[PDB]
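> Next up is a structure, given as structure tokens.
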Amino acid sequence: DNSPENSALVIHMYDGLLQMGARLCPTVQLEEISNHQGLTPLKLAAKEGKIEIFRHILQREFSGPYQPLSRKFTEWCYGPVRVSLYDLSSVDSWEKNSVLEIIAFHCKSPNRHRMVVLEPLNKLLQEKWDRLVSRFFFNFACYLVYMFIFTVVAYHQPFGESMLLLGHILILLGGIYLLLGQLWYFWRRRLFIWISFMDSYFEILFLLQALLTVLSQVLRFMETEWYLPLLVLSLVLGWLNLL
Amino acid sequence: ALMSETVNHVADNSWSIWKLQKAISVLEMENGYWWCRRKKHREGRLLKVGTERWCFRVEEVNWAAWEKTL
Amino acid sequence: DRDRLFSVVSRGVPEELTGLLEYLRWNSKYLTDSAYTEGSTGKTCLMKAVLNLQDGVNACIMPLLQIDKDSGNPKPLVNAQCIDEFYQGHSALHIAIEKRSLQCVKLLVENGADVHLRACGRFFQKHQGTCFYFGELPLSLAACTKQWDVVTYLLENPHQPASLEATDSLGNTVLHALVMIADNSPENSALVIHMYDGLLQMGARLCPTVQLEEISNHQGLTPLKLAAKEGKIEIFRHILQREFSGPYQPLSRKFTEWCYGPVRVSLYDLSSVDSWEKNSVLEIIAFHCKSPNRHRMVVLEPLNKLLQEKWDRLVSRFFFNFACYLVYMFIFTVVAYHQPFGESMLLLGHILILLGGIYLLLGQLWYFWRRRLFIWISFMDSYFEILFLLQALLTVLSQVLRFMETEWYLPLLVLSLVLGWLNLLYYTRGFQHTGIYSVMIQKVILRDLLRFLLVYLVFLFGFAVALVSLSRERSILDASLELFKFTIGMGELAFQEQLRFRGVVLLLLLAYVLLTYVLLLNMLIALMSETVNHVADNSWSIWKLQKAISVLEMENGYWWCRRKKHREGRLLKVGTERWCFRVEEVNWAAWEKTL
């Protein structure tokens, strides 16, 4: 538990047991053994919310004969510039069910936001974000274009008839695509989504907007007089979801 | 009440939340679209020989630590 | 590659190798030279001989001690590693200096090492891998690494004495390199200050006829100006007010005396003077400074009182300009109002406004000509200079459009009038009580509000389009004024009677009103959250910087009359010959410290 004395006790005991296990049995990976839930001590520490032992395990280094039992290797290279190498068993979706996914999704503790700025994870996530900003902006531009087209079609709705039909069918395809994407997302993440909802409330607003759009578009074919209110509600919800 | 919530504790307790949101977003994006499963990136491979394991390399200029040793 | 076996051998017993190398060499001795081409991909054997790092002496009987015997190509001047190898551009002397091996440096310099050998290749690694810009000279590398003995041996070397005034490719000297590597940390600041003082004293001792600190690099900067421009403050402050007591007294900038009892009077040397001898410290701080620390360097000690005196000497011109602008605005307002003996007065007013507008436009163009594209340094503090230009341009364009008798004269004239009336707010630079809050609230507004109007306008347009699309079965898209009436107080929220889908319209209006109230609440709370109680002294500095910019602009004089440069606080006299600024202060703790 996150207390000054217990953290020191558990760190000391962990290091001593690891060293003695290396001495007595140098041919077994103690830290690679997994329990019934399919977790290692590092993953278990990440999931349970413990941060002190998690941080110590993440960046521990040994200097003497126990050097192989280390995760951070430090050297001085060229004068007063220190270069350090961190072992990567907390890698991203590759070899899935890793530390990053566990922190992001399966973590009930309110301390999950404090474990993403430790040292390896912060720079790794910064690099990943810098590598994928282009896709984010491309998706933003595509959504803006779709919203503009839908607004134009809604306004011009009473050669023109063909354009209106093309706009309506394009909106139908866009709505069903968004609905199917949200359903796929909710299929990937099971009822475990009950972990929290203060940070994933847009994923249901998008689903609601897509469902309303699809329902209005399919209701138009029956020529019901309730098409306009549902279409307008879908338009305003999609415009609000841009935030 | 909304003013009373501002206890001046979000100086670093709000930046962490933004970092977590960015992490969730990048995790969602790198998984790829449903109609096209994107190939997993090999990240910072740097296999090499550590004293054989993939590693992530970070450099920093430190003067106090350097001046500590002679 | 096995052929590189000759690169590394068992040191201490080079009998057969040396015997076969010098002379003879079967067919010809030139093969030995080729051994330096095939030794590695750019690294010679001497580099590895230094890098062995054995106990005590690194290479015991170093092969170089006999290599110079069979030398036909200058080997002590090793060709620095080329291409990209994360260690390119390093010579044997650089490697010896790095490992803090004074003995290796001595043996290399005894055999005729080439001092002043710029690191040819290191500037590749400066951008490829580890930057560590140290000065590209062995002396600079020794000084920046805190090795006093190596520097001492290199300078007063009987064989090859290093020159303290030597320069690298960029034009930097050892002092420039020390300034450049400095960063605002407690340890590095002390290290660089100590090294700077020691090097200055040793340069005075060895060469008392050269001004080391007066040497300028390619950019045309001195160590003081370089420190001011790069944003370093600790070394800048130390250089600005350093004093020496012993025989090194002339190498000082602050002279302190007690005068009459417990009142201490101090004289500061003035090489950071104003526009006189232009390209000085004040101009560099005011204009050419990308760092956000520029506002913290105007309250150090000489600069603060100098700027205070300059402002006190030029408040009259500021108020005269304010009065003239107010008179012009009043005349323009009167002419605009009275515009439909009277015809002559109206024509005189119109032509006077034309002259005023062209004068303001030409003044702004002159200002933008004096400050080139370098104005890209910042814009959070110089946004009035474009508003004035816009207002002058609009006024001139409207006045010239009047002569063609176009019917668009009135809107442009009214826009010019309102812009000129709004531009009057710039003159709140004085009146400290207003300005301290005004500068910081301006920064906050410019940073925050620019990301409100976009999203609010987007939501308003979306809701308006939805309402006009629903109500067609509010008649046009331009009828979005209802939402603005709602956000200002009006709106007439009521049933539409004839519209059958009245419930949907009511729900949309409710959603819009709650959304906009929530957004404005968010902005309010964010603006409050900005107030972290850190502007207690971080906002007064901004006001001082604005006053400094204003006085720099004013003292330059008008474009049509170049004002003569003021001789400032001359006080030439005799300092132990240099212009000085005198400041007095009553101190009791310092006086009571001595007896």
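Residues are referred to by chain and number: the chain letter is A, B, ... according to the order shown in the structure tokens, the number counts from 1 in that chain, and ligands are numbered separately from 1 in the order shown.
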Within 8 Å of residue B:34, counting only C-alpha atoms, which residues qualify if same-chain residues fewer than 2 places away don't, as a VMD selection string?
(chain A and resid 181 184) or (chain B and resid 32 36 to 37)
> Kindly assemble as CSV a list of the chain C residues that lie within 9 Å of chain B, each paired with its nearest atom pair and their distance in Å to one decimal, using only C-alpha atoms, sorted first by chain and then by ascending residue number.

```
residue,atom,partner,partner_atom,distance
C:130,CA,B:59,CA,8.2
C:132,CA,B:61,CA,8.6
C:185,CA,B:63,CA,8.5
C:186,CA,B:64,CA,8.6
C:187,CA,B:64,CA,6.1
C:188,CA,B:63,CA,6.3
C:525,CA,B:3,CA,7.1
C:528,CA,B:3,CA,8.2
C:529,CA,B:6,CA,7.1
C:532,CA,B:8,CA,7.4
```
> Please report, as CSV, each residue of chain A lying at most 8 Å from chain B, together with the nearest pair of atoms and the separation in Å rounded to one decimal; use only C-alpha atoms, and order rows by chain and ascending residue number.

```
residue,atom,partner,partner_atom,distance
A:68,CA,B:51,CA,7.3
A:80,CA,B:66,CA,5.6
A:81,CA,B:61,CA,4.4
A:82,CA,B:60,CA,5.5
A:83,CA,B:59,CA,4.3
A:84,CA,B:58,CA,5.5
A:85,CA,B:57,CA,4.5
A:86,CA,B:56,CA,5.2
A:87,CA,B:55,CA,4.6
A:88,CA,B:55,CA,5.6
A:92,CA,B:27,CA,7.9
A:93,CA,B:40,CA,7.6
A:94,CA,B:40,CA,6.4
A:101,CA,B:27,CA,7.8
A:104,CA,B:24,CA,6.1
A:113,CA,B:16,CA,5.6
A:114,CA,B:16,CA,6.3
A:116,CA,B:20,CA,6.8
A:117,CA,B:16,CA,7.2
A:120,CA,B:56,CA,7.8
A:125,CA,B:23,CA,6.4
A:128,CA,B:26,CA,7.1
A:129,CA,B:26,CA,6.3
A:132,CA,B:26,CA,7.3
A:135,CA,B:29,CA,8.0
A:136,CA,B:29,CA,7.9
A:181,CA,B:34,CA,6.8
A:184,CA,B:34,CA,7.1
A:199,CA,B:21,CA,7.7
```
> Find the spatial neighbours of residue C:213, counting only C-alpha atoms, within a cut-off of 12 Å - ignore same-chain residues fewer than 3 positions away - and output them as a VMD selection string.
chain C and resid 164 to 165 172 to 176 179 196 to 197 199 to 201 203 to 204 210 216 to 217 221 to 226 239 251 to 252 271
> Since we have the selection now, will you write its residues out, keeping N, CA and C atoms, as an mmCIF file, in the first residue's frame?

```
data_model
loop_
_atom_site.group_PDB
_atom_site.id
_atom_site.type_symbol
_atom_site.label_atom_id
_atom_site.label_comp_id
_atom_site.auth_asym_id
_atom_site.auth_seq_id
_atom_site.Cartn_x
_atom_site.Cartn_y
_atom_site.Cartn_z
ATOM 1 N N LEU C 164 44.333 32.248 -26.204
ATOM 2 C CA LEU C 164 43.061 32.436 -25.520
ATOM 3 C C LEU C 164 42.054 33.203 -26.366
ATOM 4 N N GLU C 165 42.506 33.888 -27.414
ATOM 5 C CA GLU C 165 41.626 34.643 -28.293
ATOM 6 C C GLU C 165 41.292 33.891 -29.574
ATOM 7 N N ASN C 172 32.628 31.909 -32.242
ATOM 8 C CA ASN C 172 32.648 31.889 -30.789
ATOM 9 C C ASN C 172 34.059 31.657 -30.263
ATOM 10 N N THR C 173 34.350 32.267 -29.119
ATOM 11 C CA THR C 173 35.562 32.014 -28.363
ATOM 12 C C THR C 173 35.198 31.202 -27.120
ATOM 13 N N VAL C 174 36.181 30.989 -26.243
ATOM 14 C CA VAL C 174 35.945 30.166 -25.059
ATOM 15 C C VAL C 174 34.876 30.794 -24.170
ATOM 16 N N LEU C 175 34.891 32.123 -24.036
ATOM 17 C CA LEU C 175 33.870 32.799 -23.240
ATOM 18 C C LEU C 175 32.493 32.664 -23.878
ATOM 19 N N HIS C 176 32.420 32.777 -25.206
ATOM 20 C CA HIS C 176 31.148 32.586 -25.893
ATOM 21 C C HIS C 176 30.621 31.173 -25.683
ATOM 22 N N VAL C 179 29.233 30.859 -22.192
ATOM 23 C CA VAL C 179 27.910 31.472 -22.121
ATOM 24 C C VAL C 179 26.867 30.570 -22.767
ATOM 25 N N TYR C 196 34.440 31.254 -15.911
ATOM 26 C CA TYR C 196 34.537 32.555 -16.562
ATOM 27 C C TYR C 196 35.487 33.473 -15.806
ATOM 28 N N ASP C 197 35.314 33.569 -14.485
ATOM 29 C CA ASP C 197 36.180 34.437 -13.694
ATOM 30 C C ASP C 197 37.630 33.974 -13.745
ATOM 31 N N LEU C 199 39.190 32.161 -16.091
ATOM 32 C CA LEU C 199 39.759 32.403 -17.410
ATOM 33 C C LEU C 199 40.041 33.881 -17.623
ATOM 34 N N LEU C 200 39.135 34.752 -17.172
ATOM 35 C CA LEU C 200 39.361 36.185 -17.322
ATOM 36 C C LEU C 200 40.596 36.631 -16.549
ATOM 37 N N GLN C 201 40.747 36.153 -15.311
ATOM 38 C CA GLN C 201 41.914 36.524 -14.515
ATOM 39 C C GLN C 201 43.205 36.012 -15.145
ATOM 40 N N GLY C 203 43.752 35.304 -18.301
ATOM 41 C CA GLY C 203 44.009 36.073 -19.506
ATOM 42 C C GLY C 203 44.562 37.451 -19.204
ATOM 43 N N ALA C 204 44.075 38.080 -18.133
ATOM 44 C CA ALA C 204 44.650 39.353 -17.712
ATOM 45 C C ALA C 204 46.103 39.186 -17.291
ATOM 46 N N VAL C 210 45.091 42.874 -24.011
ATOM 47 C CA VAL C 210 44.031 42.454 -24.917
ATOM 48 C C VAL C 210 42.712 42.430 -24.156
ATOM 49 N N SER C 216 34.098 39.975 -30.779
ATOM 50 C CA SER C 216 32.764 39.686 -31.279
ATOM 51 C C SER C 216 32.807 38.541 -32.282
ATOM 52 N N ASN C 217 31.725 37.767 -32.319
ATOM 53 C CA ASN C 217 31.624 36.619 -33.205
ATOM 54 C C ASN C 217 31.046 37.054 -34.552
ATOM 55 N N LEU C 221 28.101 39.851 -31.901
ATOM 56 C CA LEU C 221 27.698 39.860 -30.505
ATOM 57 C C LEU C 221 28.897 39.593 -29.608
ATOM 58 N N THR C 222 28.859 40.181 -28.426
ATOM 59 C CA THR C 222 29.815 39.954 -27.357
ATOM 60 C C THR C 222 29.233 38.979 -26.346
ATOM 61 N N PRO C 223 30.056 38.441 -25.435
ATOM 62 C CA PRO C 223 29.505 37.514 -24.432
ATOM 63 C C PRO C 223 28.349 38.095 -23.635
ATOM 64 N N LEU C 224 28.403 39.382 -23.292
ATOM 65 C CA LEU C 224 27.281 40.005 -22.594
ATOM 66 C C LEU C 224 26.043 40.057 -23.483
ATOM 67 N N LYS C 225 26.204 40.525 -24.723
ATOM 68 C CA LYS C 225 25.072 40.584 -25.641
ATOM 69 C C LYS C 225 24.564 39.189 -25.977
ATOM 70 N N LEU C 226 25.474 38.225 -26.133
ATOM 71 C CA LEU C 226 25.057 36.853 -26.403
ATOM 72 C C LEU C 226 24.253 36.283 -25.242
ATOM 73 N N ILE C 239 27.762 38.853 -14.907
ATOM 74 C CA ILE C 239 28.624 39.710 -15.715
ATOM 75 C C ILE C 239 28.245 41.171 -15.527
ATOM 76 N N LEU C 251 39.318 44.594 -13.756
ATOM 77 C CA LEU C 251 38.366 43.686 -14.386
ATOM 78 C C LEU C 251 37.049 43.665 -13.623
ATOM 79 N N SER C 252 36.468 44.836 -13.385
ATOM 80 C CA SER C 252 35.241 44.941 -12.613
ATOM 81 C C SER C 252 34.299 45.919 -13.295
ATOM 82 N N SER C 271 28.067 49.697 -20.649
ATOM 83 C CA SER C 271 28.141 49.186 -22.009
ATOM 84 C C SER C 271 26.801 48.633 -22.475
#
```
> Within 10 Å of chain A, which residues of chain C show up when using only C-alpha atoms, listed as a PyMOL selection string?
chain C and resi 86-87+98-99+130-132+141+145+455+458-459+461-473+476-477+501+503-505+507-508+511-512+515
> Please save N, CA, C and O atoms of the selected residues as a short mmCIF file (atom, residue, chain, number, x, y, z; two decimals), in the first residue's frame.

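Output (out-v4.cif):
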```cif
data_model
loop_
_atom_site.label_atom_id
_atom_site.label_comp_id
_atom_site.auth_asym_id
_atom_site.auth_seq_id
_atom_site.Cartn_x
_atom_site.Cartn_y
_atom_site.Cartn_z
N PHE C 86 28.88 8.60 -34.53
CA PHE C 86 28.57 9.09 -33.19
C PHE C 86 29.81 9.57 -32.44
O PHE C 86 29.69 9.99 -31.28
N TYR C 87 30.99 9.52 -33.06
CA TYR C 87 32.20 10.06 -32.47
C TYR C 87 33.05 10.78 -33.50
O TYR C 87 34.25 10.98 -33.28
N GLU C 98 39.27 14.49 -22.97
CA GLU C 98 38.02 13.98 -22.41
C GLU C 98 38.25 13.05 -21.22
O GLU C 98 37.63 13.22 -20.17
N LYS C 99 39.15 12.08 -21.37
CA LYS C 99 39.36 11.09 -20.32
C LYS C 99 40.10 11.65 -19.12
O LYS C 99 40.48 10.87 -18.23
N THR C 130 24.36 13.21 -30.04
CA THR C 130 24.66 14.06 -28.90
C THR C 130 25.20 15.40 -29.38
O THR C 130 26.23 15.46 -30.05
N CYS C 131 24.49 16.48 -29.05
CA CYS C 131 24.88 17.80 -29.53
C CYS C 131 26.10 18.32 -28.78
O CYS C 131 27.18 18.43 -29.36
N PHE C 132 25.93 18.60 -27.48
CA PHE C 132 26.99 19.07 -26.59
C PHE C 132 27.95 20.03 -27.29
O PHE C 132 29.14 19.78 -27.44
N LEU C 141 36.94 22.74 -24.93
CA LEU C 141 36.54 21.47 -24.34
C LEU C 141 37.12 21.29 -22.95
O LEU C 141 36.43 20.81 -22.04
N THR C 145 34.71 21.41 -19.35
CA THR C 145 34.67 20.15 -18.62
C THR C 145 35.22 20.30 -17.20
O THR C 145 35.26 19.32 -16.45
N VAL C 455 -16.19 28.29 -31.51
CA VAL C 455 -17.09 27.19 -31.18
C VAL C 455 -18.51 27.71 -30.95
O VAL C 455 -19.49 27.07 -31.34
N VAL C 458 -19.98 28.33 -34.31
CA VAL C 458 -20.30 27.07 -34.97
C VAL C 458 -21.61 26.50 -34.44
O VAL C 458 -22.48 26.08 -35.21
N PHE C 459 -21.77 26.49 -33.11
CA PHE C 459 -23.01 25.99 -32.53
C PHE C 459 -24.21 26.85 -32.93
O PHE C 459 -25.29 26.33 -33.23
N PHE C 461 -24.57 28.66 -35.67
CA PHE C 461 -24.90 28.39 -37.07
C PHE C 461 -25.61 27.05 -37.22
O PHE C 461 -26.59 26.93 -37.97
N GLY C 462 -25.13 26.02 -36.52
CA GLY C 462 -25.78 24.72 -36.60
C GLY C 462 -27.22 24.76 -36.13
O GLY C 462 -28.13 24.24 -36.79
N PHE C 463 -27.45 25.40 -34.97
CA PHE C 463 -28.81 25.50 -34.45
C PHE C 463 -29.70 26.32 -35.37
O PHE C 463 -30.88 25.98 -35.57
N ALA C 464 -29.17 27.41 -35.93
CA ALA C 464 -29.97 28.23 -36.84
C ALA C 464 -30.36 27.45 -38.09
O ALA C 464 -31.51 27.53 -38.54
N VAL C 465 -29.43 26.70 -38.66
CA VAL C 465 -29.75 25.89 -39.84
C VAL C 465 -30.79 24.84 -39.49
O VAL C 465 -31.73 24.61 -40.26
N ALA C 466 -30.65 24.20 -38.33
CA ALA C 466 -31.64 23.21 -37.92
C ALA C 466 -33.03 23.83 -37.79
O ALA C 466 -34.02 23.27 -38.26
N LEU C 467 -33.10 25.00 -37.14
CA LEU C 467 -34.39 25.65 -36.94
C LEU C 467 -35.02 26.07 -38.27
O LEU C 467 -36.23 25.88 -38.47
N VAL C 468 -34.23 26.64 -39.18
CA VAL C 468 -34.81 27.09 -40.44
C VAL C 468 -35.21 25.90 -41.30
O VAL C 468 -36.19 25.98 -42.06
N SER C 469 -34.49 24.78 -41.21
CA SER C 469 -34.87 23.60 -41.96
C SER C 469 -36.15 22.98 -41.41
O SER C 469 -36.99 22.48 -42.17
N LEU C 470 -36.31 22.99 -40.08
CA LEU C 470 -37.51 22.41 -39.49
C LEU C 470 -38.74 23.29 -39.69
O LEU C 470 -39.85 22.78 -39.89
N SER C 471 -38.56 24.62 -39.65
CA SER C 471 -39.70 25.53 -39.68
C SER C 471 -40.21 25.82 -41.09
O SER C 471 -41.23 26.50 -41.22
N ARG C 472 -39.54 25.33 -42.13
CA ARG C 472 -39.99 25.60 -43.49
C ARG C 472 -41.30 24.89 -43.82
O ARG C 472 -41.98 25.29 -44.77
N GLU C 473 -41.67 23.86 -43.06
CA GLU C 473 -42.91 23.14 -43.30
C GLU C 473 -43.74 23.05 -42.03
O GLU C 473 -44.86 23.58 -41.97
N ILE C 476 -35.49 32.36 -43.27
CA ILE C 476 -34.25 32.27 -44.02
C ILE C 476 -33.11 31.95 -43.06
O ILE C 476 -33.23 32.09 -41.85
N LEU C 477 -31.99 31.50 -43.64
CA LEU C 477 -30.81 31.20 -42.84
C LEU C 477 -30.28 32.45 -42.15
O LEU C 477 -29.77 32.37 -41.03
N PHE C 501 -44.80 21.02 -35.47
CA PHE C 501 -43.71 20.47 -34.67
C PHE C 501 -43.18 21.51 -33.69
O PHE C 501 -41.98 21.79 -33.65
N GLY C 503 -43.16 21.28 -30.38
CA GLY C 503 -42.41 20.65 -29.31
C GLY C 503 -40.95 20.46 -29.65
O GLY C 503 -40.07 20.69 -28.81
N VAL C 504 -40.66 20.05 -30.89
CA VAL C 504 -39.28 19.86 -31.31
C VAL C 504 -38.53 21.19 -31.31
O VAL C 504 -37.37 21.26 -30.89
N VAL C 505 -39.18 22.25 -31.78
CA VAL C 505 -38.55 23.57 -31.77
C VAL C 505 -38.27 24.03 -30.35
O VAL C 505 -37.20 24.58 -30.06
N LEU C 507 -37.77 22.10 -27.74
CA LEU C 507 -36.67 21.28 -27.23
C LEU C 507 -35.33 21.76 -27.78
O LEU C 507 -34.33 21.81 -27.05
N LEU C 508 -35.29 22.12 -29.06
CA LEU C 508 -34.05 22.63 -29.65
C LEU C 508 -33.63 23.93 -28.99
O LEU C 508 -32.44 24.13 -28.70
N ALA C 511 -32.21 23.14 -25.59
CA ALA C 511 -30.87 22.57 -25.71
C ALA C 511 -29.85 23.66 -26.01
O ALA C 511 -28.77 23.69 -25.40
N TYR C 512 -30.18 24.58 -26.91
CA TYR C 512 -29.25 25.65 -27.25
C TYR C 512 -28.97 26.56 -26.06
O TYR C 512 -27.82 26.94 -25.82
N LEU C 515 -26.83 24.79 -23.55
CA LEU C 515 -25.49 24.61 -24.08
C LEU C 515 -24.68 25.90 -23.98
O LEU C 515 -23.52 25.89 -23.55
#
```
